[PDB]
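Colleague: Before I ask anything, here is the structure I am working with.
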Amino acid sequence: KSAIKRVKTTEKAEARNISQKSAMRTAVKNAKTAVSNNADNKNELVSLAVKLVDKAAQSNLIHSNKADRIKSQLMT
Amino acid sequence: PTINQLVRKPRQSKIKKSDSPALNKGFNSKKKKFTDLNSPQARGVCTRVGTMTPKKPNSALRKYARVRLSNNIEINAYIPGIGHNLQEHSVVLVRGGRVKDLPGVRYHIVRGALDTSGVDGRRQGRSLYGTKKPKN
Amino acid sequence: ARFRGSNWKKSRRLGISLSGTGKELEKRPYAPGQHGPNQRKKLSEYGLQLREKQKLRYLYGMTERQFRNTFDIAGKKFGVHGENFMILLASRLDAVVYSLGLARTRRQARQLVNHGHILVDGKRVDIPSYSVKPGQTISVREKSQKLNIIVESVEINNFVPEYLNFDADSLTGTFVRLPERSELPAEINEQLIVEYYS
Amino acid sequence: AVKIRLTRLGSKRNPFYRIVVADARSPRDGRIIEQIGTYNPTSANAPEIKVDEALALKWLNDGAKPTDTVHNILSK
RNA sequence: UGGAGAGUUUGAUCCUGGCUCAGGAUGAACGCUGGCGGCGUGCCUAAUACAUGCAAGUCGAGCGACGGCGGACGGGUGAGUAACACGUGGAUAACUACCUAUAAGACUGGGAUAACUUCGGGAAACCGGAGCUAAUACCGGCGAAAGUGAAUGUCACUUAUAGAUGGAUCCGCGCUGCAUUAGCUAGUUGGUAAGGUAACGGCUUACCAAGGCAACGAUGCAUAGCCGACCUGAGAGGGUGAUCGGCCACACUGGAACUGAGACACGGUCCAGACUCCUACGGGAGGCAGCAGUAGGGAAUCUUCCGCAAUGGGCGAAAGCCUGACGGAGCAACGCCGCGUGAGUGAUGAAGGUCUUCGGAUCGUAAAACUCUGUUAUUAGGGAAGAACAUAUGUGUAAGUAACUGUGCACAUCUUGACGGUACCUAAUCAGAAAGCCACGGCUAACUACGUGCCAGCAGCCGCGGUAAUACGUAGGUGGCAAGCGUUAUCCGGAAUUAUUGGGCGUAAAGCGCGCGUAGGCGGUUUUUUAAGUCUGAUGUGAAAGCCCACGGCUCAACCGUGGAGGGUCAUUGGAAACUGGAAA
Ligand SMILES: [Mg+2]
Ligand SMILES: [Mg+2]
C-alpha cells in the first residue's frame, strides 16, 4: 500500500491549481469586461498578468503546456 | 444456372439435422444452467424399469430404462450386457446411438462408470461392457 | 516397438520363403492353424496391395507408423512417392549391418545396434531406424571382438550388397553410394506398394 | 526512444536469442521493431557471438540504451 | 507433385433418387490393459460466494529527524459490441516521464509547514488543538529556470529546436443469418454564431433553411470478440477461433472524477444498487476474469514449488533492491515422437485343449533345454559448454586534469548455477522384473465343435434366431494395430447430394395461365481516339512463428536454429492498342 502516500499528494495538489485556475480565469473574466470598456487602466498591465497566468499554463502545468493557447489567443 | 442469377442469389446449401436430438446445444437458459449441452456424455436419473419389444416382423423382448435426463427432458435408453444392478432413480452415464426396429428408444447406458458399473457374464468382448481380468 | 515370436507364421501364411522367422520349414503340408488345405482361403482384390504392404512390415520388424513416415521421405526425392521408398528402406542402419555380414538376420541386425556393439564414426549411435547418409562409415566400440555372435558371423558369410564395401569380420564398413532395387530385395515391384496408400 | 533487446526463444533447457530493438513500452515477447541479426548463446556445436553492425549504427544515432551485458557484444 | 468404392425398391432389368458404411480429426469424454528416455498442451459446461499466501516500488551522493520517477508497460479474461472492432492500403486539422545532436541561460528576492513532545474525544477508521523545522518542496519581479556527492569533472533543472519513439483521427476496399421486417431517423440533414478538446467537428447550445438514408438491403431482432494461423480437401472450397504472437474491449453492478508526460485506472477513488460478515450496534472494512489451491454446476482439465544465475522491464552515478514477467520443477498415456519386453544356436508333432473312426490333426523347435547379451535397469561416483558480464582493481578511449565518471572499445581472469551428488557414465547376483486390445456372414482383414436354439440377445444398413445358427455367450484358431486398442458425440471427405472449376426441367422433383412493359442484363458492322477493364515493366508494402523446399546438432526423430518460397480483387510509376466500354464520322 504505497499508493496511500500518493493519495495524500492528491488532496494536496488540488489546492494549488484550483487557486491558480480560479485566479487565472477571474483575472481573464474581468479582462474581457475591461476589454469591453477599454480605458487602459483596468485592462493594462494585468492583461500580461492574465497572460502570465496563461504563461502559467506552462508554470502551473495542470493546464497543459501545449494548451497554453486555448484562451489567450485573442486578446493580445 | 446463369452467372447473372448466381450473383443475385448464391447456393444456400442443404441443411442437415442431428440424428440424435436431445443432446449437444445451448438450450433455454433460465437465470441458471436450467438446461445445457451434453456433447458425448452426461449423467442421468432413472424413472422406470423398461420392458418392450421390436415391432417390424421381429418378436423378441427388450429391456430399456425410460428416464428423465439432466436437462428436464425425457428419453428412453438401453442396458447392454447381462447384469442389471439398476433401480428407479439411480445415476447412469449416457452415450448416443439409436436401436433399430425398436419404435422409440434412444441411447446406450454405459456399463462402466455409473451405478451401471461393470457387467459380469462376459469374458472375451470386454471393454464394450466393462469387465476386468487382472491376470491378463 | 519390436516384433518377437520366431514362429514360421510370417513366412507360411504370407507365402514367401525368405530368411525371416525360421530359415527352415517342418510342417510343410500345412499353413499355420486349422487354416490349411482343409479350410477357407480368404482372398480379395485389395489383398494384392495388402500383401505388398504386409510383405515388408515384418521383414525389418517395423510398425505401421514407420512406413507412412517413410513413404513421404521419398517425396523429398525427385522420384515419385513409390519410387524411392525401397531405397530408403535399403539405406537404414539396420539392413546395412546385415549387409556388412556382421549379423545373421535383419532382426539380429537390430539387436547388435541398440546394445552399443556397432557404432558410427566413433560416436555411439544406438538407433535401428538411423538413416545412413552418404559419405559415412560404420564403427564399433572397443568390446566387439570377444563376443561369439560376431564370431558366428565370422564363421558364415551371409549377404553381399552392391552399394557398400564388404567387411564381414573387421566390423567397419563404408556406404559408397545410394542403393537401387534388386540389391537388397529381389521380388517386389514399386507399383503394388503405392496403391495401398490411396 | 528505443532499447536494444534480445528476444529469448528456445525450447525446454535450451534458450536462444535474436538481437532486436524497441522501446521498453514494448514487451520482450513481441511487438519488436527491427532485427540486426541473430545471437548465439550456447557455444558447444554452435557459435558464441553474432551481430551485424550495418543497421546497428542506425539506432545509435537517434538514441539507444543497450543493456550492460549486451554491450559486451559490440565491445569485441 | 497423384482424383477408388460397396450395399439396398423388382420375379428379373436400365434409370432417377435418397438413406448407410469403410478413412483423416479432438486443448475430447468414457470403456480394458499398463515399460518409459525425451517433447508439448491441460475451465470448453453456474459470469456459482471467493479463506490462507505472495504480485509495485525505489531512493540514507533530495532534504529533514516527505521531495522526486514508477503503480498508463507488464500478467488474467470473452459477458459485451455486426463495428473504421479487426484486416488492408491512402491522408495531416495538432499531441512525447522518456531518448538524444549542437547552442543559450542555468540569476534575483521571500515567507507557510508533516515526522516529532504536550492537548482532548472515540473500542475502532483515528482526529480537532498547539509550540519546532529544513527541502532539488512553495511563491514575487492550407515568459520559467536546482542543486547535489565518493575521484572543479560528473549529474538532474530550463527554453526554442528536429530526429527516433508513442497515441489520436476522418477516408477507399474485406467484414454472419433473415425480407414470414420495408421505410427510417428528428439536432435528424445544412449554413451561421460564439463557446468548446491535442485538433476538425451538431462537438454541445441558438434564430433561420427542408434535407439525410434507402430494394445496390436503409432500419429492427436472435446468434458472435477479431486476425496471423489450426482442420480437412486433388485443388477450388467447407467447418473452426485453443494454447502462440499483433490489435481490442471489460474488472461483484451502474455513473463520475481527481494527479501527471498522452488513465476515466484490475490490484487507487467520492457516490448509488444487490449481496457476505463484525463494532460499544454511533460506525468502518472486503472486491484472487494477478500466481496457485479450496468451494460450485458438472460426463472434463493439475503443485498452495524453491527461486533473479541468463534474457526483458521501473528506480540509482553503484553495490544492490521488490519482480507469481520469467529461468525451471511437482501431476495426469493428454498428443506426437523415439524406444524396449530380446535375438544367434535349438525335430522326436514332449506335456496337454477343444474338434476326431479320437484309422486322427492343430498351435509347435513352440514349449523342455542349450548359448551369448545387459539399449533399458532392482549399485554408487567423478561431473555441462548454458556465465557474458556488471563492480573495478590490474592502464586503455577524451574532459584523462581524473583508466575515480557514462563506457569498461588489454583482460574485465583475488568473482557470479535453487534446479543439479542433473544431461552424461562405468562397474556389478541376474533373460530374470517389463504387453496387450478389438474383430473374424457380405462389405472388410480373419473359421471351426457343442450348449441355449424368433429366448438372454445382437444390429452401421442386408438383418443372422421358430428348435445349435460360418451373422449370439464359450474355449481353440486367426487377422489388425501395438503402450496402446475399440465406443460415443461433433466436423470435413466419400456426396457430381447447392455442381464458378463440376448438375438438371416431354413423361422421373422442376417452364409462371398468358400479353403490353420500368429499372436492369446482353447487345451486328466500320474506322479513329481514350485507357476505364485486360496485358506486362518498376517500386513500396501485406512483421515474427506454422505447413512445405533444405542441413551442422539434440545418439536419429518430435521441436529449435539459418535460408527459401508463400500476400494485390490494392494504391501509385511507364509501354501496347486486340476484343468488352464512354467519345467523332
Ligand atoms: Mg502481476
Ligand atoms: Mg507462469
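Naming scheme: A, B, ... for chains in displayed order of the C-alpha cells; residues 1 onward per chain; ligands 1 onward as shown.
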Let me have all residues with an atom within 12 Å of ligand 1, counting only C-alpha atoms (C1' of nucleotides) and all ligand atoms, laid out as a ChimeraX atom specification.
Modeller: /E:54-56,71,73-76,266-267,288,290-291,323-326
Colleague: Set the distance at 8 Å and use only C-alpha atoms (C1' of nucleotides): which residues neighbour range 48-55 of chain B once local chain neighbours fewer than 6 positions away are removed? I'd like the list as a list in words.
Modeller: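 The filter keeps residues 61, 62, 63, 64, 65, 66, 67, 87, 88, 101, 102 and 103 of chain B.
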Colleague: How would the residues just picked look written out with N, CA, C and O atoms as a compact mmCIF listing (two decimals), in the first residue's frame?
Modeller:
# COMPACT_ATOMS: atom_id res chain seq x y z
N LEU B 61 -37.89 -59.65 -27.02
CA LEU B 61 -38.19 -58.76 -25.90
C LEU B 61 -36.95 -57.94 -25.54
O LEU B 61 -35.83 -58.45 -25.56
N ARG B 62 -37.16 -56.67 -25.17
CA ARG B 62 -36.07 -55.76 -24.86
C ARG B 62 -36.33 -55.00 -23.57
O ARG B 62 -37.48 -54.74 -23.20
N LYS B 63 -35.25 -54.59 -22.92
CA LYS B 63 -35.26 -54.01 -21.58
C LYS B 63 -34.61 -52.63 -21.61
O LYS B 63 -33.40 -52.50 -21.44
N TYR B 64 -35.43 -51.60 -21.79
CA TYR B 64 -34.95 -50.23 -21.80
C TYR B 64 -34.97 -49.67 -20.38
O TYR B 64 -35.13 -50.41 -19.40
N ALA B 65 -34.78 -48.36 -20.25
CA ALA B 65 -34.98 -47.65 -18.99
C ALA B 65 -35.42 -46.23 -19.32
O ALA B 65 -34.58 -45.39 -19.65
N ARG B 66 -36.73 -45.97 -19.25
CA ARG B 66 -37.25 -44.63 -19.52
C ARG B 66 -36.85 -43.68 -18.41
O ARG B 66 -37.25 -43.86 -17.26
N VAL B 67 -36.08 -42.65 -18.75
CA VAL B 67 -35.51 -41.77 -17.74
C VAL B 67 -36.03 -40.36 -17.93
O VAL B 67 -36.87 -40.09 -18.80
N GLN B 87 -32.07 -49.69 -10.39
CA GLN B 87 -33.44 -49.50 -9.96
C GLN B 87 -33.84 -48.06 -10.30
O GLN B 87 -33.09 -47.33 -10.95
N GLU B 88 -35.01 -47.66 -9.84
CA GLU B 88 -35.53 -46.33 -10.13
C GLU B 88 -34.73 -45.26 -9.40
O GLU B 88 -34.39 -45.42 -8.23
N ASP B 101 -35.41 -51.10 -35.18
CA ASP B 101 -36.62 -51.92 -35.07
C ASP B 101 -37.32 -51.75 -33.73
O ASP B 101 -38.43 -52.27 -33.57
N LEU B 102 -36.73 -51.05 -32.76
CA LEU B 102 -37.49 -50.56 -31.63
C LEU B 102 -38.09 -49.22 -32.02
O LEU B 102 -37.40 -48.40 -32.63
N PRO B 103 -39.36 -48.97 -31.68
CA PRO B 103 -40.04 -47.81 -32.26
C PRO B 103 -39.56 -46.46 -31.74
O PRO B 103 -39.60 -45.48 -32.49
Colleague: Of the candidates A:53, A:18, A:45, A:3, which shows the shortest atom-to-atom distance to chain E, using only C-alpha atoms (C1' of nucleotides)?
Modeller: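 Using only C-alpha atoms (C1' of nucleotides), chain E sits closest to A:3.
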Colleague: Find, counting only C-alpha atoms (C1' of nucleotides), the residue in E:211, E:517, E:237, E:163 that gets nearest to residue 60 in chain D.
Modeller: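 Of the candidates, the smallest distance to residue 60 in chain D is held by E:163.
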Colleague: Report as a list in words all protein, DNA and RNA residues lying within 12 Å of residue 4 in chain C, evaluated on only C-alpha atoms (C1' of nucleotides), omitting residues in the same chain fewer than 5 positions from it.
Modeller: residues 9, 10, 20, 21, 58, 59, 60, 61, 62, 107, 108 and 111 of chain C; 340, 341, 342, 343 and 435 of chain E
Colleague: For the selection you just gave me, I'd like the residues written to a file as a PDB file, in the first residue's frame, keeping N, CA, C and O atoms (P, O5', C5', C4', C3', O3' and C1' of nucleotides).
Modeller:
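The new file part_10.pdb reads:
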ATOM      1  N   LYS C   9       4.836 -68.396 -38.982  1.00  0.00           N
ATOM      2  CA  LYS C   9       3.580 -67.869 -39.490  1.00  0.00           C
ATOM      3  C   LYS C   9       3.782 -66.637 -40.370  1.00  0.00           C
ATOM      4  O   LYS C   9       2.927 -66.342 -41.210  1.00  0.00           O
ATOM      5  N   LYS C  10       4.907 -65.933 -40.209  1.00  0.00           N
ATOM      6  CA  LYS C  10       5.235 -64.817 -41.092  1.00  0.00           C
ATOM      7  C   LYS C  10       5.605 -65.296 -42.490  1.00  0.00           C
ATOM      8  O   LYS C  10       5.370 -64.588 -43.472  1.00  0.00           O
ATOM      9  N   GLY C  20      13.303 -65.055 -42.708  1.00  0.00           N
ATOM     10  CA  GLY C  20      12.709 -64.392 -41.566  1.00  0.00           C
ATOM     11  C   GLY C  20      12.594 -65.282 -40.346  1.00  0.00           C
ATOM     12  O   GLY C  20      13.609 -65.737 -39.811  1.00  0.00           O
ATOM     13  N   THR C  21      11.368 -65.516 -39.880  1.00  0.00           N
ATOM     14  CA  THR C  21      11.139 -66.301 -38.665  1.00  0.00           C
ATOM     15  C   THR C  21      11.354 -67.778 -38.982  1.00  0.00           C
ATOM     16  O   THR C  21      10.416 -68.546 -39.204  1.00  0.00           O
ATOM     17  N   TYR C  58       6.973 -57.028 -41.537  1.00  0.00           N
ATOM     18  CA  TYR C  58       7.631 -57.918 -40.593  1.00  0.00           C
ATOM     19  C   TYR C  58       9.103 -58.127 -40.917  1.00  0.00           C
ATOM     20  O   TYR C  58       9.824 -58.703 -40.095  1.00  0.00           O
ATOM     21  N   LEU C  59       9.542 -57.723 -42.111  1.00  0.00           N
ATOM     22  CA  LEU C  59      10.902 -58.004 -42.556  1.00  0.00           C
ATOM     23  C   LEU C  59      11.908 -57.187 -41.765  1.00  0.00           C
ATOM     24  O   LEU C  59      12.848 -57.730 -41.176  1.00  0.00           O
ATOM     25  N   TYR C  60      11.724 -55.874 -41.742  1.00  0.00           N
ATOM     26  CA  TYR C  60      12.539 -55.035 -40.884  1.00  0.00           C
ATOM     27  C   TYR C  60      12.101 -55.115 -39.430  1.00  0.00           C
ATOM     28  O   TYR C  60      12.884 -54.768 -38.540  1.00  0.00           O
ATOM     29  N   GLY C  61      10.882 -55.580 -39.172  1.00  0.00           N
ATOM     30  CA  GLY C  61      10.333 -55.557 -37.834  1.00  0.00           C
ATOM     31  C   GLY C  61       9.676 -54.253 -37.459  1.00  0.00           C
ATOM     32  O   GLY C  61       9.674 -53.886 -36.280  1.00  0.00           O
ATOM     33  N   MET C  62       9.117 -53.537 -38.426  1.00  0.00           N
ATOM     34  CA  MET C  62       8.639 -52.182 -38.215  1.00  0.00           C
ATOM     35  C   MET C  62       7.125 -52.153 -38.077  1.00  0.00           C
ATOM     36  O   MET C  62       6.416 -53.053 -38.523  1.00  0.00           O
ATOM     37  N   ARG C 107      16.985 -58.957 -38.216  1.00  0.00           N
ATOM     38  CA  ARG C 107      16.485 -58.820 -36.853  1.00  0.00           C
ATOM     39  C   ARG C 107      17.598 -58.966 -35.828  1.00  0.00           C
ATOM     40  O   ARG C 107      17.585 -58.293 -34.792  1.00  0.00           O
ATOM     41  N   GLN C 108      18.549 -59.862 -36.097  1.00  0.00           N
ATOM     42  CA  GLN C 108      19.821 -59.865 -35.383  1.00  0.00           C
ATOM     43  C   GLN C 108      20.631 -58.613 -35.698  1.00  0.00           C
ATOM     44  O   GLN C 108      21.446 -58.177 -34.878  1.00  0.00           O
ATOM     45  N   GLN C 111      19.520 -56.191 -33.081  1.00  0.00           N
ATOM     46  CA  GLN C 111      19.903 -56.484 -31.705  1.00  0.00           C
ATOM     47  C   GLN C 111      21.259 -55.871 -31.379  1.00  0.00           C
ATOM     48  O   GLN C 111      21.425 -55.237 -30.331  1.00  0.00           O
TER      49      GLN C 111
ATOM     50  P     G E 340      14.777 -50.673 -29.792  1.00  0.00           P
ATOM     51  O5'   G E 340      14.003 -51.716 -28.876  1.00  0.00           O
ATOM     52  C5'   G E 340      14.717 -52.613 -28.043  1.00  0.00           C
ATOM     53  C4'   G E 340      14.282 -52.494 -26.607  1.00  0.00           C
ATOM     54  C3'   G E 340      13.537 -53.682 -26.021  1.00  0.00           C
ATOM     55  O3'   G E 340      14.435 -54.684 -25.579  1.00  0.00           O
ATOM     56  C1'   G E 340      12.452 -51.658 -25.420  1.00  0.00           C
ATOM     57  P     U E 341      14.099 -56.248 -25.705  1.00  0.00           P
ATOM     58  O5'   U E 341      12.884 -56.485 -24.714  1.00  0.00           O
ATOM     59  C5'   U E 341      12.899 -57.578 -23.812  1.00  0.00           C
ATOM     60  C4'   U E 341      11.605 -57.652 -23.056  1.00  0.00           C
ATOM     61  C3'   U E 341      10.568 -58.613 -23.617  1.00  0.00           C
ATOM     62  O3'   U E 341      10.752 -59.949 -23.184  1.00  0.00           O
ATOM     63  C1'   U E 341       9.575 -56.503 -23.226  1.00  0.00           C
ATOM     64  P     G E 342      10.853 -61.136 -24.260  1.00  0.00           P
ATOM     65  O5'   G E 342      11.403 -60.416 -25.566  1.00  0.00           O
ATOM     66  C5'   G E 342      12.001 -61.162 -26.614  1.00  0.00           C
ATOM     67  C4'   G E 342      13.090 -60.375 -27.301  1.00  0.00           C
ATOM     68  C3'   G E 342      14.067 -61.191 -28.130  1.00  0.00           C
ATOM     69  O3'   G E 342      13.573 -61.563 -29.403  1.00  0.00           O
ATOM     70  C1'   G E 342      15.288 -59.794 -26.711  1.00  0.00           C
ATOM     71  P     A E 343      13.307 -63.117 -29.712  1.00  0.00           P
ATOM     72  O5'   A E 343      14.377 -63.479 -30.835  1.00  0.00           O
ATOM     73  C5'   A E 343      14.579 -62.630 -31.956  1.00  0.00           C
ATOM     74  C4'   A E 343      16.030 -62.262 -32.107  1.00  0.00           C
ATOM     75  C3'   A E 343      16.965 -63.385 -32.525  1.00  0.00           C
ATOM     76  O3'   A E 343      16.970 -63.631 -33.920  1.00  0.00           O
ATOM     77  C1'   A E 343      17.872 -62.299 -30.661  1.00  0.00           C
ATOM     78  P     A E 435       5.868 -58.043 -21.254  1.00  0.00           P
ATOM     79  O5'   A E 435       4.382 -58.444 -20.872  1.00  0.00           O
ATOM     80  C5'   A E 435       3.556 -57.521 -20.175  1.00  0.00           C
ATOM     81  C4'   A E 435       2.318 -57.155 -20.955  1.00  0.00           C
ATOM     82  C3'   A E 435       1.725 -58.258 -21.833  1.00  0.00           C
ATOM     83  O3'   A E 435       0.308 -58.150 -21.783  1.00  0.00           O
ATOM     84  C1'   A E 435       2.109 -56.338 -23.132  1.00  0.00           C
TER      85        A E 435
END
Colleague: Could you go through chain B and tell me which residues DSSP, when run on the backbone, assigns to strand (DSSP E or B), listing them as a ChimeraX atom specification?
Modeller: /B:44-46,52,62,67-69,74-75
Colleague: Would you list the contacts of residue 92 in chain C as number ranges by chain, taking every protein, DNA or RNA residue within 9 Å and counting only C-alpha atoms (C1' of nucleotides), but skipping same-chain residues closer than 5 positions in sequence?
Modeller: C: 128-133
Colleague: For the residues in that selection, give me N, CA, C and O atoms as a compact mmCIF listing (two decimals), in the first residue's frame.
Modeller:
# COMPACT_ATOMS: atom_id res chain seq x y z
N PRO C 128 18.11 -48.31 -34.58
CA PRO C 128 17.94 -49.19 -35.74
C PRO C 128 17.32 -48.51 -36.94
O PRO C 128 17.55 -48.97 -38.07
N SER C 129 16.56 -47.44 -36.75
CA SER C 129 15.97 -46.69 -37.86
C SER C 129 16.78 -45.44 -38.18
O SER C 129 16.22 -44.40 -38.52
N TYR C 130 18.10 -45.54 -38.05
CA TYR C 130 19.01 -44.44 -38.35
C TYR C 130 19.34 -44.47 -39.84
O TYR C 130 19.68 -45.52 -40.38
N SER C 131 19.22 -43.33 -40.50
CA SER C 131 19.45 -43.25 -41.94
C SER C 131 20.92 -43.03 -42.22
O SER C 131 21.51 -42.04 -41.75
N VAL C 132 21.53 -43.93 -42.99
CA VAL C 132 22.95 -43.85 -43.32
C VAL C 132 23.11 -42.85 -44.45
O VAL C 132 22.83 -43.15 -45.61
N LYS C 133 23.53 -41.63 -44.11
CA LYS C 133 23.80 -40.62 -45.11
C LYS C 133 25.07 -40.99 -45.89
O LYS C 133 25.94 -41.69 -45.36
Colleague: Considering only C-alpha atoms (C1' of nucleotides), extract the chain E residues located within 9 Å of chain B and return them as a PyMOL selection string.
Modeller: chain E and resi 28-33+45-46+297-299+435-438+454-457+459+473-474+486-490+497-498+500+521
Colleague: Provide the CA of residue 17 in chain A to CA of residue 61 in chain A distance in Å, to one decimal place.
Modeller: 8.6 Å
